[PDB]
Each structure stands twice: as C-alpha cells, then as structure tokens.
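Asks: Below is a structure I'd like to ask you about.
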Amino acid sequence: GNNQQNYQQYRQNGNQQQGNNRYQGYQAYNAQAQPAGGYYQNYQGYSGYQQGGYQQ
Amino acid sequence: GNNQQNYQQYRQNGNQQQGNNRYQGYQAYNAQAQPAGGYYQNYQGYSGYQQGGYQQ
Amino acid sequence: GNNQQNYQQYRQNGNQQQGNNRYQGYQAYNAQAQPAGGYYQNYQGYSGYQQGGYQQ
Amino acid sequence: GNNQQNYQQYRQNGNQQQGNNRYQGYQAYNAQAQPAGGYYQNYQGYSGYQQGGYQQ
Amino acid sequence: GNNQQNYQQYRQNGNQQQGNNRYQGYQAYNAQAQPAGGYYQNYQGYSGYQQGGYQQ
C-alpha cells in the first residue's frame with residue numbers, strides 16, 4: 001500500500017534576524033515535501049519592499 | 001491500504017525577527033506535505049510593501 | 001482501509017515579529033497536509049500594503 | 001508499495017543574521033523534497049529591496 | 001517498490017552573518033532533493049538591494 005510518515009521537531013533558544021530595515025523573500029525551517037506523485041513549485045511575479053524613491 | 005501519520009512539535013524560547021520597517025514574503029516553520037497524489041503549489045501575482053515613493 | 005493520524009504540539013515562550021511598519025505575506029507554524037489524493041494550492045492576485053505614495 | 005519517511009530535527013542556541021539594512025532572498029534550513037515523481041522548482045520575476053534612489 | 005528516507009539534523013551554538021549593510025542572495029543549510037524522477041531548478045529575473053543611487 002501507501003505509507004507516509006512525517007516527524008518534525010523544532011527548538012530554539014537563540015535569536016533570529018533581529019534588526020531594522022530588512023527584506024526577507026523566502027524563508028523556511030524544517031520544510032519537506034514527499035508527495036506520492038510529482039511536485040510542482042512555482043513563484044512568479046513581483047516581491048518587493050520600497051521605502052520611497054522611484055521604481056519602474 | 002493507506003497509512004499517513006504526521007507528528008510536528010514546536011518549542012521556542014528565543015525571539016524571532018524583532019525590528020521595525022521589515023518585509024517578509026513567505027515564512028514557514030515545520031511545514032510538510034505528503035499527499036497520496038501529486039502536489040501543485042503556485043504563487044503568482046504581486047506581493048509588495050510600499051512606504052511612499054513612486055512605483056509602476 | 002484508510003488510516004490518517006495527526007499530532008501537532010505548539011509551545012512558545014519567546015516573542016515573534018515585534019515591531020512597527022511591517023509586512024508579512026504568508027506565515028505558517030506547524031502546517032501539514034496529507035490528503036488521500038492530490039493537493040492543489042494556489043495563491044493568485046494582489047497582496048500589498050501601501051502607506052501613501054503612488055502605485056500603479 | 002510506496003514508503004516515504006521524513007525525520008527533521010532543528011535546535012539553535014546562537015544568533016542568526018543580526019543586523020540592520022539587510023537583504024535575504026532565499027533562505028532554507030533543513031529543506032528536503034522526495035516526491036515519487038519529478039520535481040519542478042521555479043522562481044521567476046522581481047525580488048528587490050529599494051531604500052530610496054532611482055531604479056528602472 | 002519505492003523507498004525514500006530522509007534524516008536531517010541541525011544544531012548551532014555560534015553566530016551566523018552578524019553585521020550591517022549586507023546582501024545574501026541564496027543560502028541553504030542541510031538542503032537535499034531526491035525525487036524519483038528529474039529535478040528542474042530555475043531562478044530567473046532580478047534580485048537586488050539598492051540603497052539610494054541610480055540604477056538602470
């Protein structure tokens with residue numbers, strides 16, 4: 001048959017990305033995919049942080 | 001038959017992303033997918049933070 | 001037959017994303033999917049935070 | 001049959017990316033994919049942090 | 001049949017990339033892919049951090 005088993009364990013005592021005026025597009029901790037078929041992942045378009053100025 | 005089992009455990013004692021004027025597009029802790037078929041993930045379009053200025 | 005079992009445990013003693021003037025598009029803690037078929041996930045369109053200025 | 005098993009364990013006592021005025025495009029800790037078919041990963045478009053100035 | 005098994009273990013006691021005015025395009029700790037078919041990875045477009053000035 002089909003048998004899929006997932007065990008994810010996450011602890012944290014320190015700090016993560018402490019600061020001002022920062023961009024973070026894609027972040028992942030303990031990320032996993034196990035489909036029984038194909039895996040299609042798509043990211044298309046605009047992802048932006050604009051603090052004033054002129055952008056085109 | 002079909003047998004799918006998921007165990008996710010999350011603890012946290014520190015701090016995460018402490019600050020001002022920040023962008024975070026996609027963030028995931030302890031993320032998992034195990035479909036019995038295919039997996040289709042799509043992100044299409046606009047994702048933006050604009051603090052004044054001119055954008056086109 | 002079909003057998004699907006889910007165990008999710010979440011504790012937190014620290015702070016998360018403390019600050020002003022911030023954007024967060026997609027955030028997930030302890031997220032999991034195990035359908036007995038396919039998995040179709042779609043995010044299409046506009047997702048934006050605009051603090052003044054001009055956007056087109 | 002099909003047999004897919006995932007074990008991810010994450011601990012942290014130090015600090016990560018502490019500072020001001022920073023860009024982070026793609027970050028991943030403990031990231032894994034094992035589909036039973038193909039794996040298609042795509043990132044197409046714009047990903048930018050603009051602090052003033054002129055960009056075209 | 002199909003047999004895919006993943007074990008990822010991550011500990012950290014030191015610091016990582018502590019400082020101001022920094023760019024990080026693509027970063028990965030403990031990253032692995034083992035699809036049962038092909039693997040297609042694509043990164044196409046713009047990825048930039050602009051602190052003032054003129055860019056075209």
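Residue names in the structure tokens use chain letters A, B, ... in the order shown, residue numbers from 1 in each chain, and ligand numbers from 1 in the order shown.
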Using only C-alpha atoms, determine which residues lie at most 8 Å from residue 25 in chain E, disregarding the query and same-chain residues fewer than 4 positions distant; provide the list as a ChimeraX atom specification.

Replies: /D:23-26 /E:47

Asks: Could you turn the residues from that selection into a file that holds C-alpha atoms, as a PDB file, in the first residue's frame?

Replies:
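Generated output (result.pdb):
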ATOM      1  CA  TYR D  23      18.576  41.741   2.196  1.00  0.00           C
ATOM      2  CA  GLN D  24      17.943  37.983   2.206  1.00  0.00           C
ATOM      3  CA  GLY D  25      16.476  36.484  -0.955  1.00  0.00           C
ATOM      4  CA  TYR D  26      16.150  32.748  -0.353  1.00  0.00           C
TER       5      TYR D  26
ATOM      6  CA  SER E  47      17.356  40.047  -7.186  1.00  0.00           C
TER       7      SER E  47
END

Asks: Could you list, as a ChimeraX atom specification, every residue within 7 Å of residue 34 in chain B, counting only C-alpha atoms and ignoring same-chain residues fewer than 6 positions away?

Replies: /A:4,33-35 /C:33-34

Asks: Report the distance between CA of residue 46 in chain C and CA of residue 42 in chain E in Å, rounded to one decimal place.

Replies: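 It comes out at 23.4 Å.
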
Asks: Taking only C-alpha atoms into account, which residues of chain E are within 9 Å of chain A, as number ranges by chain?

Replies: E: 4, 8, 13, 20, 35-37, 49, 52

Asks: Could you write out, as JSON, numbers by chain, all the residues of chain B that DSSP marks as strand (DSSP E or B)?

Replies: {"B": [2, 3, 4, 5, 6, 7, 8, 9, 10, 16, 22, 23, 24, 25, 26, 27, 28, 29, 30, 31, 32, 33, 39, 40, 41, 42, 43, 44, 45, 46, 47, 48, 49, 50, 51, 54, 55]}

Asks: Could I get chain A fitted onto chain B (least squares, all C-alpha atoms, in order) as a JSON list (two decimals) with N, CA and C atoms, in the first residue's frame?

Replies:
[["chain", "number", "residue", "atom", "x", "y", "z"],
["A", 1, "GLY", "N", -3.54, -0.87, 2.40],
["A", 1, "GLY", "CA", -4.32, 0.35, 2.38],
["A", 1, "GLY", "C", -3.53, 1.65, 2.34],
["A", 2, "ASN", "N", -4.08, 2.69, 2.96],
["A", 2, "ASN", "CA", -3.46, 4.00, 3.01],
["A", 2, "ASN", "C", -3.12, 4.19, 4.48],
["A", 3, "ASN", "N", -1.93, 4.72, 4.74],
["A", 3, "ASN", "CA", -1.47, 4.98, 6.10],
["A", 3, "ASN", "C", -0.63, 6.25, 6.06],
["A", 4, "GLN", "N", -1.16, 7.34, 6.60],
["A", 4, "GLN", "CA", -0.46, 8.61, 6.67],
["A", 4, "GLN", "C", -0.43, 9.11, 8.11],
["A", 5, "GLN", "N", 0.77, 9.34, 8.63],
["A", 5, "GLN", "CA", 0.95, 9.78, 10.00],
["A", 5, "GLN", "C", 1.85, 11.00, 10.14],
["A", 6, "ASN", "N", 1.34, 12.01, 10.86],
["A", 6, "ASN", "CA", 2.08, 13.29, 11.00],
["A", 6, "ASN", "C", 2.34, 13.66, 12.46],
["A", 7, "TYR", "N", 3.60, 13.92, 12.81],
["A", 7, "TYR", "CA", 4.00, 14.39, 14.13],
["A", 7, "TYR", "C", 4.85, 15.64, 14.03],
["A", 8, "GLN", "N", 4.31, 16.77, 14.49],
["A", 8, "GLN", "CA", 5.01, 18.04, 14.47],
["A", 8, "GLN", "C", 5.05, 18.65, 15.86],
["A", 9, "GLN", "N", 6.26, 18.93, 16.35],
["A", 9, "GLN", "CA", 6.46, 19.52, 17.66],
["A", 9, "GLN", "C", 7.30, 20.78, 17.64],
["A", 10, "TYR", "N", 6.73, 21.88, 18.16],
["A", 10, "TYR", "CA", 7.42, 23.19, 18.05],
["A", 10, "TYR", "C", 7.54, 23.94, 19.38],
["A", 11, "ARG", "N", 8.77, 24.15, 19.86],
["A", 11, "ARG", "CA", 9.05, 24.99, 21.01],
["A", 11, "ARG", "C", 9.94, 26.17, 20.67],
["A", 12, "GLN", "N", 9.80, 27.24, 21.45],
["A", 12, "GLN", "CA", 10.58, 28.45, 21.19],
["A", 12, "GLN", "C", 10.78, 29.27, 22.45],
["A", 13, "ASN", "N", 12.05, 29.51, 22.79],
["A", 13, "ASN", "CA", 12.41, 30.39, 23.89],
["A", 13, "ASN", "C", 13.10, 31.69, 23.49],
["A", 14, "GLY", "N", 13.65, 31.77, 22.29],
["A", 14, "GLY", "CA", 14.24, 33.00, 21.79],
["A", 14, "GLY", "C", 13.25, 33.86, 21.04],
["A", 15, "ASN", "N", 13.76, 34.94, 20.47],
["A", 15, "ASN", "CA", 12.95, 35.89, 19.72],
["A", 15, "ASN", "C", 13.14, 35.69, 18.22],
["A", 16, "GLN", "N", 12.16, 36.16, 17.46],
["A", 16, "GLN", "CA", 12.13, 35.96, 16.01],
["A", 16, "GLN", "C", 11.79, 37.24, 15.28],
["A", 17, "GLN", "N", 12.75, 37.77, 14.53],
["A", 17, "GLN", "CA", 12.54, 38.86, 13.57],
["A", 17, "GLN", "C", 11.98, 40.09, 14.27],
["A", 18, "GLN", "N", 12.69, 40.53, 15.30],
["A", 18, "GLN", "CA", 12.31, 41.71, 16.06],
["A", 18, "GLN", "C", 12.94, 42.95, 15.44],
["A", 19, "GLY", "N", 12.11, 43.87, 14.96],
["A", 19, "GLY", "CA", 12.61, 45.10, 14.39],
["A", 19, "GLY", "C", 11.52, 45.86, 13.67],
["A", 20, "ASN", "N", 11.89, 47.04, 13.19],
["A", 20, "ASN", "CA", 10.99, 47.95, 12.50],
["A", 20, "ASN", "C", 11.35, 48.06, 11.02],
["A", 21, "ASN", "N", 10.33, 48.34, 10.21],
["A", 21, "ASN", "CA", 10.48, 48.60, 8.78],
["A", 21, "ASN", "C", 11.01, 47.35, 8.07],
["A", 22, "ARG", "N", 10.21, 46.29, 8.10],
["A", 22, "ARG", "CA", 10.63, 44.99, 7.60],
["A", 22, "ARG", "C", 9.59, 44.33, 6.71],
["A", 23, "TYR", "N", 10.08, 43.63, 5.69],
["A", 23, "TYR", "CA", 9.27, 42.83, 4.79],
["A", 23, "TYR", "C", 9.58, 41.34, 4.94],
["A", 24, "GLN", "N", 8.54, 40.51, 4.95],
["A", 24, "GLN", "CA", 8.70, 39.06, 4.99],
["A", 24, "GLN", "C", 7.67, 38.46, 4.04],
["A", 25, "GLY", "N", 8.14, 37.91, 2.92],
["A", 25, "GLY", "CA", 7.24, 37.39, 1.91],
["A", 25, "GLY", "C", 6.61, 36.06, 2.27],
["A", 26, "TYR", "N", 7.43, 35.02, 2.38],
["A", 26, "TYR", "CA", 6.98, 33.68, 2.70],
["A", 26, "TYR", "C", 7.82, 33.06, 3.80],
["A", 27, "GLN", "N", 7.18, 32.75, 4.93],
["A", 27, "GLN", "CA", 7.87, 32.15, 6.06],
["A", 27, "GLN", "C", 7.14, 30.90, 6.53],
["A", 28, "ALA", "N", 7.89, 29.85, 6.84],
["A", 28, "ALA", "CA", 7.29, 28.60, 7.27],
["A", 28, "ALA", "C", 8.19, 27.88, 8.26],
["A", 29, "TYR", "N", 7.64, 27.52, 9.41],
["A", 29, "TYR", "CA", 8.29, 26.66, 10.38],
["A", 29, "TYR", "C", 7.53, 25.35, 10.48],
["A", 30, "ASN", "N", 8.24, 24.24, 10.37],
["A", 30, "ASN", "CA", 7.64, 22.91, 10.47],
["A", 30, "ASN", "C", 6.51, 22.75, 9.46],
["A", 31, "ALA", "N", 6.86, 22.87, 8.19],
["A", 31, "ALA", "CA", 5.91, 22.73, 7.09],
["A", 31, "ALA", "C", 6.15, 21.48, 6.26],
["A", 32, "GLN", "N", 5.12, 20.65, 6.11],
["A", 32, "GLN", "CA", 5.26, 19.41, 5.38],
["A", 32, "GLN", "C", 4.00, 18.97, 4.65],
["A", 33, "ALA", "N", 4.18, 18.42, 3.46],
["A", 33, "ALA", "CA", 3.07, 17.93, 2.66],
["A", 33, "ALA", "C", 3.39, 16.53, 2.18],
["A", 34, "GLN", "N", 2.45, 15.60, 2.36],
["A", 34, "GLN", "CA", 2.59, 14.23, 1.88],
["A", 34, "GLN", "C", 1.23, 13.79, 1.34],
["A", 35, "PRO", "N", 0.78, 14.36, 0.23],
["A", 35, "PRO", "CA", -0.43, 13.84, -0.41],
["A", 35, "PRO", "C", -0.18, 12.47, -1.01],
["A", 36, "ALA", "N", -1.26, 11.71, -1.16],
["A", 36, "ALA", "CA", -1.18, 10.42, -1.82],
["A", 36, "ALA", "C", -1.17, 10.54, -3.34],
["A", 37, "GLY", "N", -1.19, 11.76, -3.87],
["A", 37, "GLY", "CA", -1.07, 12.02, -5.28],
["A", 37, "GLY", "C", -0.02, 13.09, -5.53],
["A", 38, "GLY", "N", -0.27, 13.89, -6.56],
["A", 38, "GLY", "CA", 0.63, 14.98, -6.88],
["A", 38, "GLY", "C", 0.46, 16.16, -5.94],
["A", 39, "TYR", "N", 1.44, 17.06, -5.99],
["A", 39, "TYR", "CA", 1.43, 18.28, -5.19],
["A", 39, "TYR", "C", 1.72, 19.46, -6.11],
["A", 40, "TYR", "N", 0.75, 20.36, -6.23],
["A", 40, "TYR", "CA", 0.87, 21.55, -7.06],
["A", 40, "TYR", "C", 0.79, 22.82, -6.22],
["A", 41, "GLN", "N", 1.90, 23.54, -6.13],
["A", 41, "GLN", "CA", 1.97, 24.77, -5.36],
["A", 41, "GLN", "C", 2.28, 25.96, -6.27],
["A", 42, "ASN", "N", 1.45, 27.00, -6.19],
["A", 42, "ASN", "CA", 1.57, 28.13, -7.09],
["A", 42, "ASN", "C", 1.40, 29.43, -6.33],
["A", 43, "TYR", "N", 2.26, 30.40, -6.65],
["A", 43, "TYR", "CA", 2.20, 31.74, -6.06],
["A", 43, "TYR", "C", 2.46, 32.64, -7.26],
["A", 44, "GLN", "N", 1.43, 33.35, -7.72],
["A", 44, "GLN", "CA", 1.53, 34.21, -8.88],
["A", 44, "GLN", "C", 0.83, 35.54, -8.62],
["A", 45, "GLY", "N", 1.55, 36.63, -8.85],
["A", 45, "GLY", "CA", 0.94, 37.94, -8.75],
["A", 45, "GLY", "C", 1.86, 38.97, -8.14],
["A", 46, "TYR", "N", 1.30, 39.84, -7.31],
["A", 46, "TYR", "CA", 2.02, 40.95, -6.70],
["A", 46, "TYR", "C", 2.05, 40.75, -5.19],
["A", 47, "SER", "N", 3.21, 41.02, -4.60],
["A", 47, "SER", "CA", 3.37, 40.94, -3.14],
["A", 47, "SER", "C", 4.37, 42.05, -2.81],
["A", 48, "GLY", "N", 3.90, 43.12, -2.20],
["A", 48, "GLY", "CA", 4.73, 44.30, -2.03],
["A", 48, "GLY", "C", 4.32, 45.16, -0.87],
["A", 49, "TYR", "N", 5.32, 45.81, -0.28],
["A", 49, "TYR", "CA", 5.14, 46.79, 0.78],
["A", 49, "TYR", "C", 5.77, 48.09, 0.28],
["A", 50, "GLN", "N", 4.97, 49.14, 0.20],
["A", 50, "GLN", "CA", 5.42, 50.42, -0.34],
["A", 50, "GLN", "C", 5.20, 51.49, 0.71],
["A", 51, "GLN", "N", 6.30, 52.09, 1.18],
["A", 51, "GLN", "CA", 6.25, 53.21, 2.12],
["A", 51, "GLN", "C", 6.54, 54.49, 1.35],
["A", 52, "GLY", "N", 5.50, 55.03, 0.72],
["A", 52, "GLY", "CA", 5.67, 56.24, -0.06],
["A", 52, "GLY", "C", 6.44, 55.98, -1.34],
["A", 53, "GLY", "N", 6.83, 57.08, -1.98],
["A", 53, "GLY", "CA", 7.57, 56.98, -3.21],
["A", 53, "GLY", "C", 6.66, 56.74, -4.40],
["A", 54, "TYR", "N", 7.28, 56.42, -5.53],
["A", 54, "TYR", "CA", 6.58, 56.21, -6.78],
["A", 54, "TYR", "C", 6.92, 54.87, -7.42],
["A", 55, "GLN", "N", 5.88, 54.05, -7.62],
["A", 55, "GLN", "CA", 6.10, 52.68, -8.15],
["A", 55, "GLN", "C", 5.14, 52.36, -9.30],
["A", 56, "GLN", "N", 5.68, 51.91, -10.44],
["A", 56, "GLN", "CA", 4.88, 51.48, -11.58],
["A", 56, "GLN", "C", 5.47, 50.30, -12.34]]
